[PDB]
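Only one structure is covered here, and it is reproduced in the block below.
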Protein chains: 4
Amino acid sequence: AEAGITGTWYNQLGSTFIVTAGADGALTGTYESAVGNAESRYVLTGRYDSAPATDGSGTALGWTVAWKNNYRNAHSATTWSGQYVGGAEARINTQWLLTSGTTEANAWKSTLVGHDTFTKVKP
Amino acid sequence: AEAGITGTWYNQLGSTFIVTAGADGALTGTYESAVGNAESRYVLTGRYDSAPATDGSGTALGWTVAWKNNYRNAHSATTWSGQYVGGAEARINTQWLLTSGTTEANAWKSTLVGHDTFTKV
Amino acid sequence: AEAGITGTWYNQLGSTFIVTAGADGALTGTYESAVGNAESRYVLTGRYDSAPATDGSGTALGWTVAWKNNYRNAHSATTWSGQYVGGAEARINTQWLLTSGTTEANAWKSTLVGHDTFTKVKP
Amino acid sequence: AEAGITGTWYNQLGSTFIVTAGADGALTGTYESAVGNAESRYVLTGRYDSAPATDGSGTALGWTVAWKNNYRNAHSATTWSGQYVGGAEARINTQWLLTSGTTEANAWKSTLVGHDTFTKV
Ligand SMILES: O=C(O)CCCC[C@@H]1SC[C@@H]2NC(=O)N[C@@H]21
Ligand SMILES: O=C(O)CCCC[C@@H]1SC[C@@H]2NC(=O)N[C@@H]21
Ligand SMILES: O=C(O)CCCC[C@@H]1SC[C@@H]2NC(=O)N[C@@H]21
Ligand SMILES: O=C(O)CCCC[C@@H]1SC[C@@H]2NC(=O)N[C@@H]21
């Protein structure tokens, strides 16, 4: 649900995710990573599927971060795809793809794959 | 580097991707899939890394589509991560993750992975 | 190391992995899954990279299971790619790809991706 | 279904895959990669699901290569998961995972994902 998703979240690496979910299925915010060629905050945009099902199914969603801001430019972008599971201990479980810009010759090694679990800090 | 990302692209399944790239890294537009539990257009939002880097590399980017619109709601979302290579034949080469909302019991099989190549042809 | 890998392992879903690592970099055994279109044991074969590094790096390895035996035929195969981290609480952390045989038309939805963590039962 | 899997296949990077399929689901052979920290041949072992199923589907299979031989040891392993489609032009369409051994600190970036298509041409 938008209200359930809106908030501050942290994952197992110690990275920060601040997001706002709008009535139209939109997600906007900033992300701070604890690892990598990154520093300060980066803007993020995504979408969430606003009418889930009733039942004890998760809400599917996804968002993107291009790793460029006023301080660093890493020439990469990461996308996270997953589901939001609410309750008293709400979580967002995801799998992600991190693509770096390469020459055609090294494109075979341009994408890393992983998984992150986020915990909401409420309050 | 960045540049002719704006436009109408098509992939090997016959899907249509219409996007506008803003000067500060944002991507907005609509997507229509030729397959799956989907019909008509859906809203997409993403980001690209303008630099990009001299050693003729691609420009990294990504975007998301939540499969809900006024015709269907498939309770899923797809994210595409890849890079744009411009030139005579411009291409956007991606890998995607399609997650459906499931119950805990079925969470082990909630995500499909695949790859799509887009051209303006 | 071969001795460190050889044994019985279980993952978060409650599935069983029995393996033997040979001196030549080989892995052979049986796998029993707690979920899916599966029943009884299935044969597995894989390889492990025998001379890791000294250091506190993991040993990379991978194995495959075709889901066909005398009782069921699911027309699928799963491959697990990951690393073995030994110590007192040894673990094998992986990401997997499960491909089902399809017609050309539905090949776009033939592969599922996930991650499993295995814990060794010693003794 | 299964059948002409045995043989010498090549993918879009120019790598060579030589395999033998046994009648009870086993796959054995050698692999030579045209890219990366690798040279000469490496041992591979895998499995395929013989049934396969009537609705002209592919045969599911997978195999593993640990990148260590008498010339190099790259401390990594790759697994390919996909399906074989025979016929006039037979193809093995796969997605792979390449994991390198890292320390805990770098475990978040230990795995690359990609896709390869093999032909006997
Ligand atoms: O190094 C880069 O290219 C930019 C930083 C990438 C950080 C990644 S995104 C996935 C994983 N989850 C995190 O919170 N950080 C790393
Ligand atoms: O069935 C669904 O869940 C919604 C439609 C999904 C269509 C997918 S997204 C990845 C692949 N590329 C496309 O153009 N369409 C399919
Ligand atoms: O349903 C099938 O096609 C065969 C069973 C698949 C079981 C999978 S493999 C990955 C995940 N890990 C497990 O232990 N079980 C599921
Ligand atoms: O550099 C390494 O770690 C060892 C060589 C890896 C070569 C990879 S495996 C997937 C892709 N397909 C190939 O034919 N070669 C590359």
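Descriptive notes on the structure:
- The residue of segment B:80-104 that is farthest from ligand 1 (Cβ to nearest atom), among those that are facing another protein chain (nearest Cβ under 8 Å) and surrounded by fewer than 18 Cβ atoms within 10 Å (Cβ to Cβ), is B:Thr103.
- Of the residues in segment A:91-112, not one is more than 16 Å from ligand 4 (Cβ to nearest atom), of a type in the set (S, T, N, Q), within 11 Å of chain B (Cβ to nearest Cβ) and over 26 Å from D:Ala107 (Cα atoms).
- Count of residues meeting criterion [part of a loop (DSSP other than H, G, I, E, B) and either at the interface with chain A (Cβ under 7 Å from one of its Cβ atoms) or within 18 Å of A:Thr59 (Cβ to Cβ) (or both)] in segment B:39-79: 11
- Residue in segment A:69-86 that is more than 16 Å from ligand 2 (Cβ to nearest atom) and in contact with a helix residue (DSSP H, G or I) (Cβ under 6 Å, 6 or more places away or on another chain) present: yes
- For segment C:92-123, filtered to residues that are under 17 Å from the mean Cα position of the chain (by Cα) and of a type in the set (A, V, I, L, M), the residue that is nearest to ligand 3 (Cβ to nearest atom) is C:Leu98.
- Count of segment A:4-58 residues which are farther than 22 Å from B:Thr99 by Cα and in contact with a helix residue (DSSP H, G or I) (Cβ under 9 Å, 6 or more places away or on another chain): 3
- When segment A:5-20 is limited to residues that are within 14 Å of chain D (Cβ to nearest Cβ) and loosely packed, with under 15 Cβ neighbours inside 10 Å, the one that is nearest to ligand 1 (Cβ to nearest atom) turns out to be A:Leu13.
- Restricting attention to segment A:53-95, the residues being farther than 18 Å from B:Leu44 by Cα, crowded, with 21+ Cβ neighbours inside 10 Å and not polar (S, T, N, Q) number 7.
- Number of positions in segment A:96-123 that are surrounded by 13 or more Cβ atoms within 10 Å (Cβ to Cβ) and of a type in the set (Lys, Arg): 2
- Only one of the listed residues (D:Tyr84, D:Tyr42, D:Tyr31) is away from ligand 3 (no atom under 16 Å from the Cβ) and under 16 Å from C:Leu27 (Cβ atoms). That residue is D:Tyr42.
- Once segment D:108-121 is narrowed to residues that are more than 7 Å from every other protein chain (Cβ to nearest Cβ) and closer than 20 Å to C:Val113 by Cβ, the residue that is nearest to ligand 2 (Cβ to nearest atom) is D:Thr117.
- If you go through segment B:34-64 and keep only what is out of contact with any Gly (no Cβ under 8 Å at 6 or more places or on another chain) and within 28 Å of A:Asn73 (Cα to Cα), you end up with B:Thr54, B:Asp55, B:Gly56.
- The residue that is nearest to ligand 2 (Cβ to nearest atom), counting only those in segment B:23-38 that are within 11 Å of chain A (Cβ to nearest Cβ) and in a loop (DSSP other than H, G, I, E, B), is B:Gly25.
- In summary, strands (runs of 3 or more DSSP E) completely within segment A:21-123 and bearing 3 or more residues that are closer than 21 Å to C:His115 by Cα, of a type outside the set (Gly, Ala, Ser) and within 12 Å of ligand 1 (Cβ to nearest atom) occur at A:73-85, A:91-100, A:111-121.
- From the list D:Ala107, D:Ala74, D:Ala60, D:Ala90, the lone residue that is farther than 15 Å from D:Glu32 by Cα and more than 16 Å from the chain's Cα centre (by Cα) is D:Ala107.
Neighbour counts run over all protein chains shown; Cβ positions are idealised from the backbone, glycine included. Only the coordinates and a few stated rules stand behind these numbers; no lab work does.
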